[PDB]
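[1] sequence first, structure after, both from an experimental entry:
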Amino acid sequence: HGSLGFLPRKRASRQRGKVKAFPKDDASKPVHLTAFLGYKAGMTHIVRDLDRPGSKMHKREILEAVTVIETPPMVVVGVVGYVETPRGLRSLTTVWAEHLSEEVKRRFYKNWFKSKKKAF
Amino acid sequence: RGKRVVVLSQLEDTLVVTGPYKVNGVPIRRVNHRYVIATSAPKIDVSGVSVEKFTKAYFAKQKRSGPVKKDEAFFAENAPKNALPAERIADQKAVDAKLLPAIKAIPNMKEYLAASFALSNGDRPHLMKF
Amino acid sequence: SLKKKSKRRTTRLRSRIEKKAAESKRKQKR
Amino acid sequence: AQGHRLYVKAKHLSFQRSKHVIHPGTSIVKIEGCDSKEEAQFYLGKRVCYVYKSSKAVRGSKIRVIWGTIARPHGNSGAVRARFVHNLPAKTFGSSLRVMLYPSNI
Amino acid sequence: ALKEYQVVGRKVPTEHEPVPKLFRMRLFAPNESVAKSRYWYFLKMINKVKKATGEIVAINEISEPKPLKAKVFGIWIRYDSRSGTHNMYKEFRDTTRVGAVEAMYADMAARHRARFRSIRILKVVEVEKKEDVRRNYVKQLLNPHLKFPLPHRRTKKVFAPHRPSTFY
Amino acid sequence: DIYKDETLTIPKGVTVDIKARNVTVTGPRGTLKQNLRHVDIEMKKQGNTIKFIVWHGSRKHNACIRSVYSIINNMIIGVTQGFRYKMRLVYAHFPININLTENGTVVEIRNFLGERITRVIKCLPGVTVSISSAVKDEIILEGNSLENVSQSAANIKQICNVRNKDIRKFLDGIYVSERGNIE
Amino acid sequence: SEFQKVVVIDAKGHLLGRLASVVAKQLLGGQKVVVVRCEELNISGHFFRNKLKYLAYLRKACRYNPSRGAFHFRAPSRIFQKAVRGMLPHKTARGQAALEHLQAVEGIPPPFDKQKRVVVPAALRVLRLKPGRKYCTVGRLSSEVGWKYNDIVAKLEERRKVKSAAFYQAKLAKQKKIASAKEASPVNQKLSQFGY
Amino acid sequence: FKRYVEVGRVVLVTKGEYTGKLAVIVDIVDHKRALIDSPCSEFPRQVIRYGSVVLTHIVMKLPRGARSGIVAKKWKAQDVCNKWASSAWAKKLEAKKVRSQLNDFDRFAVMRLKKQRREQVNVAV
RNA sequence: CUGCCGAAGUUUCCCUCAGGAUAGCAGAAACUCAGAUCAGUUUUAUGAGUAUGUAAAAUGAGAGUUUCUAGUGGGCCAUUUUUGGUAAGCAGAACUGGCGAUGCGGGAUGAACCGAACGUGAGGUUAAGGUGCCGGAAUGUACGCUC
RNA sequence: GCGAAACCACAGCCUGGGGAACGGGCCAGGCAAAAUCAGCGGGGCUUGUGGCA
RNA sequence: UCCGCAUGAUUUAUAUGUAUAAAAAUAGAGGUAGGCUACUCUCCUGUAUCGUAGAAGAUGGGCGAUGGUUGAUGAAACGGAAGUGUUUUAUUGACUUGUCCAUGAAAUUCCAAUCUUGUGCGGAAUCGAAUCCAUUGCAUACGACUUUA
């Protein structure tokens, strides 16, 4: 058959996976980040002691396949504020930093070499 | 259009009507009665001024001598100086002399004739009693 | 609609309702 | 500058018509401020006017005018019938017309 | 609107009946001709006298003797129902007998979906004694201290600027 | 019928403000704010009496006039006398364990029929639940509003219903015993 | 009776079809109309009845490629626009142009909350529906069939009313002052014979 | 409430040819019609409905079904007129009527005085 | 190309057959009486057991012919009768109109339903059906019923 | 690079209705944004309850 | 790109005064002073309120009020739901009917300001990207997509 929840079966219009939903904001909790961005390096397997009560291999060794993804520390380079509106969230303003490295300036051009490097 | 003027005499088809030229500056003119709203403003006496000298031929145009005449030279001529006879001002001033005492007698009248009539939002002419 | 059927009787029903009413009246006459 | 407007604002609604037929000979005018036929007797015979603007400039004047006359009241709600020398184009349904206070009878 | 007519009629004189008796009834019709037509139908159905053999001797419209005195009328009628046979009696309170009949006719067309055809008015009677009034709604109207808020006040100029008071 | 009437005599209940279908009935015991917008009836306050008036009302509309009278009388009773509901626990083998929190506005129920599900209920506002000592294993629900006290008594009873068993034999649960007032 | 360039209608307490019929006539008449506060529109019939009327609308969708099928807009402004559109000859160019002269918004946005809001007595619920008759609000009826902005619009309406009340208090303070000076002038009753 | 359909309440006719006139309810025929009369000569005693009247705030004692003479005598004695006109409601209506009769010249008279009235704009600093 | 006149479907019988006939209709040519000379009509009288006929008052019309000669000789729909009939329709005749040759307004749309029988236009007024919006026209007035 | 023919009134979205055959054109709606590439060929009956006296 | 004159004009579902912001109920709301308020008053739609008087709005004078009023300003505050603005302003230059006077209109002798391009003006300052070609392989029938350059 095939699930109908995953159509139109068409190529993703993006390469970096879009976070279509963020955790609910609660003011009782203080501040933290909610996401990150890594690179799938590959997978290996491990051996682990299994502390699950009632499981048939409680306190016994299993073998698990694990995915290793490398995540060099991300750099915060701006802040954006969305305002609640009857027509949905709307990006009100955006503020950046001073020193935007060449790594992120490349994101703004299809040809970084031929450009005059005039971003920001 | 929109001016208020005092009717001097009753012509064959038209009304020989003027605003006192010292008040608003509307000389003695023929006006067809279909383009006149007869206001109920207090009447101004007319027995003091003669009105027989205003005839249809008195107001009529000159000839034309052909079907077409134009150009700004035709505009620099006539004008309210040249083809305008001095006798007309003598008649115009005579009318003003004989009507200003009446208009001065009753209040707001010289000011009423100096003003102009115009409609406003929410003003419905079929209900307005002019 | 809002119903389980259509209120507009198709012209067949507008056709045969009246004649079957006529046959009913003829039956009472007989 | 409110010492002007010697006319009365109105709108063109449709042609005189039935549901499947139109007669562009006469046009249905809604004289704004008139809410019955006994009131529409006043404007009966006045000079209605449709003013529009074009591309070519004749007379060095950008405004063309189509003259017309109020002919008869049309219905209960104070609409009238008008006869314009040139039948108004069908693109002018809802366009604003002018109603001159003349030929005056008040 | 309806108007009340007294119609007096009789059959043609002949050797069989040299002096036929006058037959007068009061009946409500919108016009003269309807009154005569209803008269002939009534006399035919009741007494069995043919339309051709008869002729009208007097028709007179009757005005209300006191069109400003609030009165209570009781109306007996013979309704032609789905079975063609049904009797009724309704009470009304107004100032004119024609008004009660007109109100009765609209009442019939509403609560029984009746016609002018199916209604046959037997008798319209003025009732003056309060305790002789039967119906509940009219009796409660007769109390001395009547008072009630204006029922169903409900009140071109489209696009009014302020919310209506729709109250006092 | 033009006028259906219903009359109510107000005891020493202090404030009976009736602004906008809303009654703030305050007595010595407390204060209850109630809304009567759902009905469309006339409410007149003439000194020591309250007149409930319906002008030209149908029987469907008229039936509301007694209901409005009854609920206003109930809230008057609440601010004057209060409402008390005694529920008696019934346990055959497993005792029913009850814990009281927030001055008795939340009830915790344990060991019902041997079940280890923690049947917890939050009492409706203005309802206090207490365990009485004069009679063993029965509960007293105190409050100003009869509706909230009665519904809370109903909520507790329907929480502990026997399931898949017989009403004939497994007749275990919490039942309402007495329905009275504080004094 | 007299036209403006734009009319802003406060749609609180107006019936859906009764208001949409007047708006349909004014649009073809050639006038721009802005309908504000759509989420308080009223519809005759009790709420569950109308909830079924709209859940039947959700049932209409083309069986082939439902993206082709009918689009069941949930916002109260869009439900009102559906009423007006069905009351217009939208399959033409004059019907199409009538929609373009219609604005329907939920709540009163800042571009319009500083202008007068008129009402249509031919559609007001208090003058049409008999007392005791069940009715449902479109704003509630949308928040139960998918529209997910009810609370935020109510949140913004509360703030707007606070600002609008503060304005009115300031305007009343000024207006009572000039009224005191209005009556203070003596010429008032030397023109009183004219009714002013 | 404030407006009750009372025998003896004076009502303001809002429909018909007697629009604007002031009459008093003499009798209650039924739920939708009442009998009204006025001492004013032009207005005859007749039966009018309730969509064609508006209830006023004045209630004057008057026995059921009084004749025209008695109603006029009671109306004069209790001073119904000049009591109705004492209200600001009647004053607003009379102001509207006289403002309807103003001609063009009177409108310019209104023009001038209220411009004189406007320019006062004197407020404490 | 325009104009004008314009049916028929069932008759008169006849037939081996299809058909013709024959009418009818439409006509084409010749000739009477200004008539009781007629009528898809009514009325009166009259006999026989409202209808029946004959005769005559009303009513409208100019009313007759003999002669030859094209096209048609179907069917459908509904009404009224109507015997056999049965769960129930169904069948049988006779009659009537309408339709074929017919466009227009209305009933959302439609072979028959409701009005209306057509040269080119102007104006006025209506029929049927309608007057919330689509849609020209009262979100009219009054009295009720219905959730 | 070379290069056909069959076929062709005109065309090509869908639901219901249009006496029938209901259709692709009519009516009422849903709607409707150029140009294309490759696959797949899709195109008011009726019921839960027998017959005789 | 504007200063800037223009220069020809192009112009308006413009427009004819682009005049007006409480909130809620309609078997109810609102306003007044004094100490939760007793009491007084208002409603009955906008036919209302604001502006409105002039060679399409001229040139002067007197009287009277510190005003109205506009063009242009040099600044403060506030408005995020689509902030289409609101306000505080001091300023300048006007205008200056509140009131009373004088000049001028005419033979147009019975009706027929804002809007921007425009094209250039002679003076100012301004110094970007994308694709093909090539490359990558996370992608691929061809386009497209992810890289590099």
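    Happy to help now that I have it. Numbers count the residues shown, from 1 in each chain, chains lettered A, B, ... in the order given.

[2] so what secondary structure elements neighbour the helix or strand that residue A:46 is a member of?
    Assessed by DSSP states H and E, residue A:46 sits inside strand A:39-50. If you count contacts as 3 or more C-beta pairs under 8 Å, 6 or more residues apart in numbering or on different chains; DSSP states H and E, strand A:39-50 packs onto strand A:60-70. The C-beta positions use only the backbone N, C-alpha and C, and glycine is treated the same way.

[3] ok, the strand it packs on near RNA strand K or not?
    No - between strand A:60-70 and RNA strand K, judged by C-beta under 7 Å from any atom of the strand, nothing touches; the nearest distance is 12.7 Å.

[4] list of residues touching that strand?
    By C-beta atoms under 8 Å, 6 or more residues apart in numbering or on different chains, the list of residues contacting strand A:60-70 from outside reads A:38-50.

[5] so which of those residues wins on neighbours?
    Using other C-beta atoms under 10 Å in any protein chain shown as the neighbour criterion, residue A:50 leads those with 13 neighbours.

[6] tell me the contacts of that one?
    A:57, A:58, A:59, A:60, A:61, A:62.

[7] number of nearby residues for the last one?
    Pointing back at residue A:62 there. When neighbours are defined as other C-beta under 10 Å, residue A:62 has 12 of them.

[8] host element of residue G:80?
    Per DSSP H and E: helix G:76-86 holds residue G:80.

[9] cool, and residue H:69?
    Element membership of residue H:69 [criterion: DSSP H and E] is helix H:68-77.

[10] hmm, stretch E:8-27 touching RNA strand I?
    No - judged by C-beta under 7 Å from any atom of the strand, stretch E:8-27 stays clear of RNA strand I, getting no closer than 13.8 Å.

[11] could I get the buried residue list for that stretch?
    E:9, E:10, E:11, E:20, E:23, E:27 (16 or more other C-beta atoms under 10 Å in any protein chain shown).

[12] so can I have TSV of these showing secondary structure and distance to chain A?
    Output for those, formatted as TSV (DSSP: H, G, I helix; E, B strand; the rest coil; distance: C-beta to the nearest C-beta, whole Å):
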residue	secondary structure	distance to chain A
E:9	strand	79
E:10	strand	85
E:11	strand	86
E:20	coil	88
E:23	strand	81
E:27	strand	69
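
[13] just those residues now: which is nearest chain G?
    Nearest to chain G out of the buried residues of stretch E:8-27 is residue E:27 (C-beta to the nearest C-beta; 38.1 Å).

[14] so what's the residue count around the residue lying closest to the closest one once chain neighbours are set aside?
    Leaving aside its chain neighbours, residue E:27 sits nearest to residue E:38 (5.3 Å; criterion: C-beta to C-beta, 6 or more residues apart in numbering or on different chains). Residue E:38 has 19 neighbours, counted by other C-beta under 10 Å.

[15] which residues are contacting the host helix or strand of residue E:38?
    Using DSSP H and E, residue E:38 sits within helix E:32-47. The contact list for helix E:32-47, computed with C-beta under 8 Å, 6+ apart, reads E:5, E:7, E:9, E:23, E:25, E:27, E:29, E:49-51, E:54, E:56, E:59, E:120.

[16] re the thing from before, name the residues of the helix holding residue H:69 that are buried.
    By 16+ other C-beta under 10 Å, the buried positions in helix H:68-77 come out as H:71, H:72, H:74, H:75.

[17] from those residues, which two are the most distant?
    Across the buried residues of helix H:68-77, the longest distance by C-beta to C-beta is 7.4 Å; it joins H:72 and H:74.

[18] next up, the contacts around residue F:157.
    Residue F:157 sits next to F:87, F:173, F:174, F:175, F:176 when contact means C-beta under 8 Å, 6+ apart.

[19] please, a PyMOL command that selects the buried ones among these?
    Filtering those down to the buried ones (16+ other C-beta under 10 Å) takes a single PyMOL command:
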select buried, chain F and resi 87+173+174+176
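
[20] which one of the contacts of residue F:157 is nearest residue F:72?
    Closest approach to residue F:72 among the contacts of residue F:157 (C-beta to C-beta): residue F:176, at 24.3 Å.

[21] thought the closest one was touching residue F:87?
    Yes - at 5.0 Å, residue F:176 counts as touching residue F:87 under the criterion of C-beta atoms under 8 Å.

[22] overlap in contacts of those two?
    With C-beta under 8 Å, 6+ apart, residue F:176 and residue F:87 have common neighbours F:153, F:157.

[23] spell out whether the biggest helix by length in chain F and RNA strand I are in contact.
    As assigned by DSSP state H, the longest helix anywhere in chain F is helix F:59-80. No - contact of helix F:59-80 with RNA strand I (C-beta under 7 Å from any atom of the strand) is absent, the minimum separation being 7.6 Å.

[24] each with direction, which strands does the following helix or strand past that helix pair with?
    The element immediately downstream of helix F:59-80 (helix or strand, assigned by DSSP H and E) is strand F:83-90. Each strand paired with strand F:83-90, and its direction, by DSSP bridges: strand F:138-143 (antiparallel), strand F:173-180 (antiparallel).

[25] with respect to residue A:2, which of those lies nearest?
    Smallest distance to residue A:2 across the strands paired with strand F:83-90 (C-beta to C-beta): 50.4 Å, for strand F:173-180.

[26] other residues contacting that closest one?
    Outside strand F:173-180, the residues within contact range by C-beta under 8 Å, 6+ apart are F:83-90, F:96, F:138-139, F:150, F:153, F:156-157, F:159-162.

[27] please pick the buried ones from those residues.
    Among the contacts of strand F:173-180, the ones that count as buried by 16+ other C-beta under 10 Å are F:83-87, F:89, F:96, F:138-139, F:150, F:153, F:156, F:160.

[28] now the residue most central in space within chain C: which helix or strand?
    For chain C, the residue sitting closest to the mean C-alpha position, by C-alpha atoms, centre = their mean, is residue C:17 at 2.1 Å. Using DSSP H and E, residue C:17 sits in helix C:11-29.

[29] ok, whichever residue of chain A sits closest to chain D - contacts?
    Nearest residue of chain A to chain D, counting by C-beta to the nearest C-beta: residue A:87, 30.1 Å away. Residues near residue A:87 by C-beta under 8 Å, 6+ apart: residue G:149.
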